[PDB]
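Throughout, residue positions are numbered sequentially from 1 according to the sequence presented. Atom set for the values below is all heavy atoms of this structure, side chains included, hydrogens, waters and symmetry mates excluded.
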Amino acid sequence: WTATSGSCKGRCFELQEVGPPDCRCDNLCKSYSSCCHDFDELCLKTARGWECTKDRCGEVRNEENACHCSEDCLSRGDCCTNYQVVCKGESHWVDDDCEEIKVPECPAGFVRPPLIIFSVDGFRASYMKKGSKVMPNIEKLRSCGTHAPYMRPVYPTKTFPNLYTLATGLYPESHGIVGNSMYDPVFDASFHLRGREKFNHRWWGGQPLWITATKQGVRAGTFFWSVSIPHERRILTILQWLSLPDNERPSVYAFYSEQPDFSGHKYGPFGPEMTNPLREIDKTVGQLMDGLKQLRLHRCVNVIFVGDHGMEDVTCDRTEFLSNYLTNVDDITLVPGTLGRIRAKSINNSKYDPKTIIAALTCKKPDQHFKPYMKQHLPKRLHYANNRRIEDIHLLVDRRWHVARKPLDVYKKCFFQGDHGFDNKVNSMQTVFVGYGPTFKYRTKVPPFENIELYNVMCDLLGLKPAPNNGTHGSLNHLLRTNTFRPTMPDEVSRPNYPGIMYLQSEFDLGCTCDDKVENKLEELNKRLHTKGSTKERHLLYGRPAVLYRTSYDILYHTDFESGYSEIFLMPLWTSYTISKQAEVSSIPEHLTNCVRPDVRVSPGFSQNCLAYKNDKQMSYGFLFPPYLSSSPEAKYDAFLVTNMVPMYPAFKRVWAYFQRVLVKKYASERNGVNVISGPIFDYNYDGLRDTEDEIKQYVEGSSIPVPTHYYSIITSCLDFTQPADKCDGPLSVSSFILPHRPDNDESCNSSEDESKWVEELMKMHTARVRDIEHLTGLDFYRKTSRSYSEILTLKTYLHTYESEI
Ligand SMILES: *[C@@H]1O[C@H](CO)[C@@H](O[C@@H]2O[C@H](CO)[C@@H](O[C@@H]3O[C@H](CO[C@H]4O[C@H](CO[C@H]5O[C@H](CO)[C@@H](O)[C@H](O)[C@@H]5O)[C@@H](O)[C@H](O[C@H]5O[C@H](CO)[C@@H](O)[C@H](O)[C@@H]5O[C@H]5O[C@H](CO)[C@@H](O)[C@H](O)[C@@H]5O)[C@@H]4O)[C@@H](O)[C@H](O[C@H]4O[C@H](CO)[C@@H](O)[C@H](O)[C@@H]4O[C@H]4O[C@H](CO)[C@@H](O)[C@H](O)[C@@H]4O)[C@@H]3O)[C@H](O)[C@H]2NC(C)=O)[C@H](O)[C@H]1NC(C)=O
Ligand SMILES: NS(=O)(=O)c1ccc(C(=O)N2C[C@H]3CN(C(=O)OCc4cc(Cl)cc(Cl)c4)C[C@H]3C2)cc1
Ligand SMILES: [Ca+2]
Ligand SMILES: [Ca+2]
Ligand SMILES: [Cl-]
Ligand SMILES: [Cl-]
Ligand SMILES: [Cl-]
Ligand SMILES: [Zn+2]
């Protein structure tokens, strides 16, 4: 109920929300159907339009007008945005030369530069170049301020998950808005686009920027706008708020535009009809900048121009139907479209079987345009599993396609030419970022980055302490002239042991064998040196990784590689080695095929054993440092140490062996040497975070050897590839992956073919940031470089996407 009989007199676009059943006058009252009876009359005036004309200049003030061109309007803060241009001979902001804003130039009483977030729905990254001719205001913001060539949204690349990620710094799995449509099985409630459940606070997790600001004594404009409020009025409302007295004035504001998303759905990302929406958004930006200029704030306010996701070509005819795969289509519920989410129609149906559903959806048609996954098997870079609102069964849909349950859903529910939602590494899904103002840099281009990073920056811009979030604070310091956040490296928690030779061979009863009993003063002293770390500078290029949790581990040195061996997990947490451009690949000699060697530095009790693998019919083993890349026949024996061995399904060994035998050398050749750090990951509860020992669900049969869920590698080289990886003077270049450790290669439909046809493709799909690996291992990399720490943080957030040029 709402007692709409109250009035909005002097309350238009009030900032505090008034509780029911009292009628509201804030920018969201329309969507709640709760506005006072006179809200339209008083607060949504439209008379005489949005622009001053010559004849209106110096007019007598008429409070009925949408905006004013009277002499008192600047004092009232309610002039039309083009007032000084039409009436006072001033220029539009866009026509002014761009001039560096070296310091804030703010009117008296302004305690800090305000922040205005200008958010545009569906603004695809390539619009910035492709539409530059019809967007002069945006092009000026872009060229004069700080811009990225694109900004990566979160998955799924839908509106609500991305807007709320921008506001919180959180992945959707953490903030809880995991789709535009959701079912929460604990609430037994559905969240829908059209409805009033979606406004229940229980759906929205984390802490959005306006709350962060308010808790820390910084006032915030109301971020959401009812669709019926015209853009011109949103802009006028923001400008009016900016004219409030110091103690009442907010420091952070948001504008939202439903365009170009709205038209992009109808006409496709580059339909001829898309030009007009782009022009209109630019016009709105112009109104804001003109308005700021009138208020003498155009060199005071920081403006962020940011989108939520892009837009792809998608038509009705490119739809896959689950009814063409499944017999029991009426036993399931599908969230359809540019992603698929599947769960049982009824919880009382004991014949529903996820395993049989997945199988029926796996590699069934040659040109199949979606791929099914149990959510824990989705690429870890998506961070899309740790939430009960995410259905166990997920469909990753190919770009340009849809999935639906049955054909009748498509024609009885073509009406559209564009859509979005796909994998967030897809080029068409990329969106935009521009920062302009005293706190941003001048005419500066920065590399692409992820939208989860922005919350920290916005907190920096406002002098706020960010709530805990998924950004890496400091990784975007290079966007800022000032207000940088200067983080310190995490303190190492566990210090390593450095064992020497402490065990005789006969003390081991591991069921392992090796033909290594064939054998100086030249090379016996030499190999002693190698075991003490004499080659460590070459193979450990950026310092030992720091272990950020309490554990027991040993640093083990070898000629060709160095490792941090966990006595708890019975295997390395990391193995580090450098492969020069000149390195040669060798084979594993016939007589060494099944060779495994006890490590006399490590107790039998803290070693794996070969008998466990012999007995486990499903599990084999691999090596972290590849025997193929040994520097010499003698050094090769080190690669067969029991302390370099890890459990691997035969199916996975196909992948791993090709990576180690073929791809590492290829990368060294292409990048002028590479440094590789490889290791296991245990994430059985799919939270993106390292498992403790008691969370491990699978062991090698009969043993305490834990089975990794994933294997990672971090591959680093010199950004300037004219310098070898091991002699790099400047910035670094990295690519990483987190490969699922799976007992089949069902994920790869072409796996029956030679590895050269499918393995690298698999790895690219599982590309990762060093930061993702950090979360999953409790390790901290790049501790010892000549680079600034903020630059290293940027490097750790880098994702190698393998997409073509934008
Ligand atoms: C990305 O960044 C985020 C943010 O940093 C990371 O997410 C964090 O990760 C932590 C580890 O998973 C996790 O720690 C939890 O915290 C549990 C309680 O947390 C609740 O309260 C939070 C804070 O309240 C806020 O609000 C008040 C004002 O009202 C403020 O004053 C505060 O300052 C806070 O801002 C709240 O944020 C959190 O929200 C989640 O749950 C809500 C529903 O209740 C959702 O609305 C919301 O969306 C969040 O949901 C996400 O996270 C939950 C997990 O919390 C997850 O289930 C969802 O799927 C979704 O992903 C909460 O309401 C606390 O109970 C935990 O402690 C357990 O574990 C420790 C381990 O040491 C045990 O020692 C301890 O005993 C306890 O175990 C007990 O319970 C177990 C299970 O019942 C049981 O087995 C055991 O026997 C024990 O009984 C733990 O500390 C953070 O909550 C989490 N924060 C957020 C925002 O998600 C994330 O990891 C990052 N991602 C990556 C990859 O890096
Ligand atoms: N993707 S789609 O199906 O085409 C699709 C297309 C359009 C809509 C739609 O009209 N909305 C209108 C609603 C009002 N909103 C708004 O004012 O937000 C401002 C904002 C900025 C920032 Cl920086 C963070 C946050 Cl938290 C919020 C966004 C909602 C969404 C919804 C869906
Ligand atoms: Ca959107
Ligand atoms: Ca985990
Ligand atoms: Cl969705
Ligand atoms: Cl296979
Ligand atoms: Cl542990
Ligand atoms: Zn849309």
Side-chain angles (χ1 to χ4, degrees), residues 121-122 152-168 170-206 208 224 258 261 265 307-312 314 319-320 322 332-345 354 370-379 381-399 401-405 409 416 418-426 429 431 450-452 470 686 688:
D121 203 311
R152 183 174 312 119
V154 292
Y155 187 78
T157 51
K158 294 283 190 64
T159 304
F160 281 99
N162 278 277
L163 289 177
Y164 203 55
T165 281
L166 288 167
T168 57
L170 295 168
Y171 302 119
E173 61 171 13
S174 290
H175 66 51
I177 308 300
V178 309
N180 282 336
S181 165
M182 298 179 285
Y183 174 69
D184 188 308
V186 175
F187 296 165
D188 180 44
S190 285
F191 181 103
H192 295 130
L193 287 175
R194 304 292 188 181
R196 314 182 58 84
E197 171 68 43
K198 76 173 181 306
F199 281 140
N200 196 316
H201 279 247
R202 60 179 178 174
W203 291 97
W204 308 85
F224 292 86
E258 299 83 359
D261 185 87
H265 279 286
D308 57 352
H309 53 70
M311 182 72 66
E312 176 64 274
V314 183
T319 303
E320 293 262 12
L322 297 189
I332 73 168
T333 293
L334 171 68
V335 177
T338 52
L339 50 156
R341 308 206 307 273
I342 289 164
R343 63 185 192 278
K345 171 113 186 170
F370 63 90
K371 182 183 298 299
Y373 287 82
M374 291 302 296
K375 62 178 181 172
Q376 63 271 21
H377 290 154
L378 285 170
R381 62 187 170 81
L382 303 173
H383 297 281
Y384 195 70
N386 190 31
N387 195 288
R388 64 199 186 207
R389 300 162 185 173
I390 300 170
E391 285 78 7
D392 288 356
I393 299 178
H394 198 82
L395 307 189
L396 275 188
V397 181
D398 289 5
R399 63 190 82 184
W401 284 76
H402 275 169
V403 66
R405 202 171 59 99
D409 293 335
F416 66 88
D419 205 2
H420 51 89
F422 306 105
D423 192 332
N424 68 334
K425 80 171 201 321
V426 170
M429 300 297 92
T431 188
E450 304 193 327
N451 70 344
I452 59 169
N470 300 125
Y686 48 89

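Across all their heavy atoms, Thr338 and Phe422 have their closest contact at CG2-CZ, 3.4 Å. The two residues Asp261 and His420 make their nearest non-hydrogen contact at OD1-NE2, 2.9 Å. Of all heavy-atom pairs spanning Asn470 and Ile452, the tightest one is O-CD1, 3.5 Å. Heavy-atom minimum distance, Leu339 versus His394: CD1-CE1, 3.9 Å. Closest non-hydrogen pair, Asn180 versus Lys158, comes out as ND2-CD, 3.6 Å. Between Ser181 and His192, the shortest heavy-atom distance links the atoms OG-CD2, 4.3 Å.
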Test log, rule side-chain contact (heavy atoms from CB on, under 4.5 Å), inputs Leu382 and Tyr373: CA-CA 13 Å; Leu382 303 173; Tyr373 287 82; over 6 Å; no
Please determine whether side-chain contact (heavy atoms from CB on, under 4.5 Å) holds for the pair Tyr183 and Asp188, giving the CA-CA distance in whole Å, both sets of side-chain angles, and the decisive distance to 0.1 Å. CA-CA 7 Å; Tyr183 174 69; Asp188 180 44; 2.6 Å; yes
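Side-chain contact check for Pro172 versus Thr165: some heavy-atom pair is nearer than 4.5 Å. Annotation: side chain of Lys375 is not in contact with side chain of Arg341 (no heavy-atom distance under 4.5 Å). The closest side-chain heavy-atom distance from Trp203 to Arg389 is below 4.5 Å.
In this structure, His402 and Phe416 have tilted ring planes: the angle between them lies in the 30° to 60° band. Ring-plane geometry between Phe191 and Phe160 is classed as perpendicular, the angle between the planes exceeding 60 degrees on a 0 to 90 degree scale with a lower cut at 30.
Distance check: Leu395 CG to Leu334 CG gives 6.5 Å after rounding to the nearest 0.5 Å. Put simply, CD1 on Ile177 and CG on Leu163 are 11.0 Å apart, with the number rounded to the nearest 0.5 Å. Atoms NE2 and OG1, on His175 and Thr168 in that order, are 4.5 Å from each other to the nearest 0.5 Å. Taken from CZ in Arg399 to CG in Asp419, the straight-line distance is 15.0 Å, to the nearest 0.5 Å. Here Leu322 contributes atom CG and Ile342 contributes atom CD1; the two are 5.0 Å apart, rounded to the nearest 0.5 Å.
Between the side chain of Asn162 and the backbone N or O of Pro156, at least one donor-acceptor pair lies under 3.5 Å. No donor-acceptor pair under 3.5 Å is formed between the side chain of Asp184 and the backbone N or O of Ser190. Side chain of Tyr384 to backbone of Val178: a donor-acceptor contact under 3.5 angstrom is found. Between the side chain of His265 and the main chain of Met311, no donor-acceptor pair closer than 3.5 Å is present. Judged purely by atom type and a 3.5 angstrom limit, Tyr164 has no side-chain atom pairing as donor or acceptor with the backbone of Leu170. Panel note: side chain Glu173, backbone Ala385; a donor-acceptor pair is recorded below 3.5 Å. When atom types are taken as modelled, the side chain of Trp204 and the backbone of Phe199 share no donor-acceptor pair closer than 3.5 angstrom.
Screening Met374, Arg343, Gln376 against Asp392 for a side chain to side chain contact (heavy atoms under 4.5 Å, CB included) leaves a single residue, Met374. Between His309 and the options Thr431, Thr157, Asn424, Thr159, a side chain to side chain donor-acceptor pair (under 3.5 Å) holds for only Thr159.
Under the 6.0 Å distance and 45° angle rule, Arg388 counts as a cation-pi partner of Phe187.
Residues satisfying the side-chain hydrogen bond (donor to acceptor under 3.5 Å, both in side chains) test with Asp423, not counting sequence neighbours, are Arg381.
No close placement of the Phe370 and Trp401 rings is indicated, their centers lying 6.0 Å or farther apart.
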